[PDB]
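Heads up, model.tsv below (TSV, C-alpha atoms):
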```tsv
chain	number	residue	atom	x	y	z
A	921	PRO	CA	-45.48	-208.42	17.32
A	922	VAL	CA	-41.73	-208.28	17.31
A	923	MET	CA	-39.63	-205.15	17.06
A	924	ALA	CA	-36.13	-205.59	15.68
A	925	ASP	CA	-33.53	-202.87	16.22
A	926	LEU	CA	-31.04	-203.13	13.33
A	927	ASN	CA	-29.54	-199.70	14.03
A	928	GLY	CA	-26.01	-200.66	15.14
A	929	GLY	CA	-26.01	-198.35	18.16
A	930	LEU	CA	-26.58	-195.18	16.14
A	931	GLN	CA	-29.29	-194.14	18.61
A	932	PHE	CA	-26.57	-193.63	21.24
A	933	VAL	CA	-24.90	-190.77	19.34
A	934	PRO	CA	-26.35	-187.49	20.69
A	935	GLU	CA	-27.31	-184.58	18.45
A	936	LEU	CA	-27.00	-186.75	15.37
A	937	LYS	CA	-27.93	-184.07	12.83
A	938	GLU	CA	-25.27	-181.65	14.08
A	939	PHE	CA	-22.67	-184.39	14.37
A	940	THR	CA	-23.17	-185.53	10.78
A	941	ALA	CA	-23.26	-181.95	9.49
A	942	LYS	CA	-19.96	-181.30	11.27
A	943	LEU	CA	-18.40	-184.37	9.65
A	944	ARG	CA	-19.65	-183.32	6.24
A	945	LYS	CA	-18.40	-179.74	6.56
A	946	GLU	CA	-15.03	-180.94	7.81
A	947	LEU	CA	-14.61	-183.04	4.68
A	948	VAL	CA	-15.92	-180.42	2.28
A	949	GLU	CA	-13.66	-177.76	3.76
A	950	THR	CA	-10.56	-179.94	3.61
A	951	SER	CA	-11.29	-180.81	-0.02
A	952	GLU	CA	-11.94	-177.22	-1.10
A	953	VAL	CA	-8.97	-175.76	0.74
A	954	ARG	CA	-6.59	-178.31	-0.72
A	955	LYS	CA	-7.93	-177.81	-4.24
A	956	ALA	CA	-7.68	-174.02	-4.05
A	957	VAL	CA	-4.18	-174.05	-2.59
A	958	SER	CA	-3.00	-176.52	-5.22
A	959	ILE	CA	-4.44	-174.42	-8.05
A	960	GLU	CA	-2.77	-171.28	-6.74
A	961	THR	CA	0.60	-172.99	-6.27
A	962	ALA	CA	0.42	-174.36	-9.82
A	963	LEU	CA	-0.43	-170.93	-11.23
A	964	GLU	CA	2.44	-169.32	-9.32
A	965	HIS	CA	4.81	-171.96	-10.67
A	966	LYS	CA	3.51	-171.42	-14.20
A	967	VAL	CA	4.08	-167.66	-13.99
A	968	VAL	CA	7.48	-167.75	-12.25
B	1416	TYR	CA	21.65	-152.67	-26.76
B	1417	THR	CA	22.21	-156.01	-25.05
B	1418	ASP	CA	24.08	-155.02	-21.85
B	1419	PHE	CA	21.33	-156.28	-19.58
B	1420	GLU	CA	23.69	-156.50	-16.59
B	1421	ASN	CA	23.54	-152.70	-16.36
B	1422	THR	CA	19.73	-152.53	-16.54
B	1423	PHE	CA	17.10	-152.47	-13.82
B	1424	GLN	CA	13.55	-151.30	-13.30
B	1425	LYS	CA	11.24	-150.03	-10.56
B	1426	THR	CA	7.44	-149.91	-10.78
B	1427	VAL	CA	4.94	-148.74	-8.16
B	1428	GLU	CA	2.12	-151.21	-8.58
B	1429	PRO	CA	-1.53	-150.15	-8.39
B	1430	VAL	CA	-3.10	-150.68	-4.99
B	1431	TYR	CA	-4.94	-154.01	-4.90
B	1432	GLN	CA	-7.99	-154.74	-2.76
B	1433	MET	CA	-9.32	-158.07	-1.51
B	1434	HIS	CA	-12.49	-158.82	0.46
B	1435	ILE	CA	-11.71	-161.91	2.56
B	1436	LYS	CA	-15.04	-163.76	2.55
B	1437	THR	CA	-14.52	-167.47	3.28
B	1438	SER	CA	-11.96	-169.55	5.14
B	1439	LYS	CA	-10.78	-170.71	1.73
B	1440	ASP	CA	-9.40	-167.24	1.02
B	1441	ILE	CA	-7.65	-167.15	4.39
B	1442	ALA	CA	-6.10	-170.56	3.76
B	1443	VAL	CA	-4.89	-169.64	0.27
B	1444	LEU	CA	-3.42	-166.34	1.47
B	1445	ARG	CA	-1.62	-168.05	4.35
B	1446	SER	CA	-0.17	-170.53	1.84
B	1447	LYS	CA	1.71	-167.78	-0.01
B	1448	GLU	CA	5.17	-167.53	1.53
B	1449	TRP	CA	5.35	-163.80	0.82
B	1450	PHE	CA	2.11	-162.93	2.68
B	1451	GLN	CA	3.39	-162.11	6.17
B	1452	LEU	CA	1.24	-160.74	8.99
B	1453	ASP	CA	2.84	-159.39	12.15
B	1454	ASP	CA	-0.04	-160.75	14.26
B	1455	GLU	CA	-0.21	-164.44	13.39
B	1456	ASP	CA	-3.61	-164.66	15.16
B	1457	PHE	CA	-5.18	-161.81	13.17
B	1458	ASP	CA	-8.75	-162.50	12.04
B	1459	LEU	CA	-8.84	-161.98	8.28
B	1460	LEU	CA	-12.43	-163.24	8.10
B	1461	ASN	CA	-14.81	-160.65	6.59
B	1462	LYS	CA	-11.96	-158.13	6.35
B	1463	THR	CA	-10.94	-155.85	3.49
B	1464	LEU	CA	-7.21	-155.84	2.78
B	1465	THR	CA	-5.24	-153.48	0.55
B	1466	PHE	CA	-1.81	-154.29	-0.87
B	1467	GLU	CA	0.47	-151.43	-1.97
B	1468	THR	CA	3.69	-152.93	-3.33
B	1469	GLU	CA	6.81	-151.97	-5.28
B	1470	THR	CA	8.69	-154.30	-7.64
B	1471	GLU	CA	12.44	-153.97	-8.18
B	1472	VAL	CA	13.77	-156.20	-10.96
B	1473	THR	CA	17.05	-156.74	-12.75
B	1474	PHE	CA	17.30	-158.33	-16.19
B	1475	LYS	CA	19.14	-161.23	-17.77
B	1476	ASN	CA	17.73	-160.64	-21.26
B	1477	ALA	CA	14.76	-159.07	-23.02
B	1478	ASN	CA	12.34	-161.81	-21.90
B	1479	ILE	CA	13.60	-163.07	-18.51
B	1480	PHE	CA	14.43	-161.47	-15.17
B	1481	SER	CA	17.56	-162.17	-13.14
B	1482	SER	CA	16.10	-160.96	-9.83
B	1483	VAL	CA	12.63	-159.99	-8.61
B	1484	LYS	CA	11.78	-158.19	-5.37
B	1485	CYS	CA	8.20	-157.22	-4.48
B	1486	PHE	CA	7.66	-155.56	-1.12
C	630	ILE	CA	-46.93	-182.65	44.86
C	631	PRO	CA	-46.01	-185.79	46.85
C	632	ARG	CA	-42.60	-187.40	46.55
C	633	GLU	CA	-42.61	-190.30	44.05
C	634	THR	CA	-46.08	-189.62	42.60
C	635	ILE	CA	-46.97	-188.18	39.20
C	636	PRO	CA	-49.54	-185.36	39.09
C	637	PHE	CA	-52.66	-186.09	37.08
C	638	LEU	CA	-51.58	-183.19	34.84
C	639	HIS	CA	-47.87	-182.78	34.17
C	640	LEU	CA	-45.25	-181.75	31.64
C	641	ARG	CA	-42.54	-183.97	30.21
C	642	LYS	CA	-38.93	-183.37	29.27
C	643	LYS	CA	-37.07	-185.19	26.53
C	644	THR	CA	-34.09	-187.18	27.75
C	645	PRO	CA	-30.76	-187.39	25.91
C	646	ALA	CA	-31.94	-190.79	24.63
C	647	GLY	CA	-34.98	-188.98	23.23
C	648	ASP	CA	-37.80	-190.33	25.41
C	649	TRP	CA	-40.27	-187.96	27.06
C	650	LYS	CA	-40.33	-188.36	30.82
C	651	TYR	CA	-42.23	-186.59	33.56
C	652	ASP	CA	-40.43	-183.44	34.71
C	653	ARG	CA	-41.13	-182.15	38.21
C	654	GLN	CA	-39.97	-178.55	37.66
C	655	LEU	CA	-41.86	-178.01	34.40
C	656	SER	CA	-44.99	-179.59	35.87
C	657	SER	CA	-44.64	-177.31	38.89
C	658	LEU	CA	-44.56	-174.33	36.54
C	659	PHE	CA	-47.67	-175.57	34.74
C	660	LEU	CA	-49.62	-176.32	37.92
C	661	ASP	CA	-48.70	-172.99	39.53
C	662	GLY	CA	-49.97	-171.27	36.40
C	663	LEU	CA	-53.21	-173.24	36.69
C	664	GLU	CA	-53.55	-172.29	40.35
C	665	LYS	CA	-53.17	-168.62	39.53
C	666	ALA	CA	-55.68	-168.97	36.69
C	667	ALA	CA	-58.26	-170.53	39.01
C	668	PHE	CA	-57.90	-167.84	41.66
C	669	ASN	CA	-57.13	-164.57	39.89
C	670	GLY	CA	-58.11	-165.55	36.35
C	671	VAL	CA	-55.89	-165.04	33.31
C	672	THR	CA	-55.91	-162.43	30.55
C	673	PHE	CA	-55.51	-163.12	26.83
C	674	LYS	CA	-55.46	-159.45	25.84
C	675	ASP	CA	-53.66	-158.80	22.54
C	676	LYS	CA	-53.55	-162.51	21.67
C	677	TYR	CA	-54.63	-163.37	18.12
C	678	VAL	CA	-55.85	-166.96	17.75
```
Could you render the structure from this file as structure tokens?
Amino acid sequence: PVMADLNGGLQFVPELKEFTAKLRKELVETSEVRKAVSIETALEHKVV
Amino acid sequence: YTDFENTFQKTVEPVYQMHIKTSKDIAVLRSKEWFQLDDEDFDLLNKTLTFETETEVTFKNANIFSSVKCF
Amino acid sequence: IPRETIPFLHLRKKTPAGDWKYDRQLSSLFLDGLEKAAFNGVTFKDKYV
């Protein structure tokens, strides 16, 4: 029997679950912050 | 009367309360140029803030203001 | 426990790469516990199983 590792070195990243969760939260936060700030700036412009 | 250059107004606004829950609220508040904290490193997270402001305005006509000052 | 020999009973510790390897300190804990159990006995009072 042959065992083929087609994983591209992913096994060498430690604490993979936490690392990927951190990446995901980074992205989600950036998106949400930017959206909220843009909405508030637009509303301030529309009232002023 | 239409002599709006002689007119002005002063209103004591109701006190407003905000419960800062998420980092989104902190980010939005820090975006507003008028929101100024003496301690730039203050931790707004899970804090209750109260705003007690006064607005002084002058007029250019019935519909528009010629100067606005909230503090 | 001799240097460079594995006890017949031992504990293992997971490495950063995620493989379980023999751990001397944990196995020492386990074997000391067994030694105490053999000599003084061990109580399971208040244990629900």
>> Nearest residue to residue 1483 (chain B) out of B:1470, B:1463, B:1421, B:1446, using only C-alpha atoms?
In response: B:1470
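Going from CA of residue 1443 (chain B) to CA of residue 943 (chain A) covers 22.1 Å.
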>> Just want the 12 Å neighbourhood of residue 1437 (chain B), counted on all atoms listed in the file, with same-chain residues fewer than 6 positions away dropped. Output as a PyMOL selection string.
In response: (chain A and resi 949+952-953+956) or (chain B and resi 1443-1444+1458-1462)
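Residues of chain B lying within 12 Å of chain A, counting only C-alpha atoms, are residues 1437, 1438, 1439, 1440, 1441, 1442, 1443, 1444, 1445, 1446, 1447, 1448, 1449, 1479, 1480, 1481, 1482 and 1483 of chain B.
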>> Would you mind listing, as a count of residues only, all residues of chain C that have at least one atom within 10 Å of chain A, where all atoms listed in the file are what counts?
In response: 3
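You will find CA of residue 1466 (chain B) at 8.6 Å from CA of residue 1429 (chain B).
As for CA of residue 1435 (chain B) and CA of residue 938 (chain A), they are spaced 26.6 Å apart.
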> Could you pull the residues within 9 Å of residue 640 (chain C), counting only C-alpha atoms, minus those fewer than 3 positions along the same chain, as number ranges by chain?
Replying inline: C: 650-659
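Excluding residue 1469 (chain B) and any residue on its chain fewer than 5 positions from it, the residues at most 6 Å away by all atoms listed in the file are residues 1426, 1427, 1428, 1485 and 1486 of chain B.
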Just write the chosen residues, C-alpha atoms, as a PDB file, in the coordinates of the input.
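Generated output (result.pdb):
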```pdb
ATOM      1  CA  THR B1426       7.440-149.910 -10.780  1.00  0.00           C
ATOM      2  CA  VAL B1427       4.940-148.740  -8.160  1.00  0.00           C
ATOM      3  CA  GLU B1428       2.120-151.210  -8.580  1.00  0.00           C
ATOM      4  CA  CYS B1485       8.200-157.220  -4.480  1.00  0.00           C
ATOM      5  CA  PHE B1486       7.660-155.560  -1.120  1.00  0.00           C
TER       6      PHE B1486
END
```
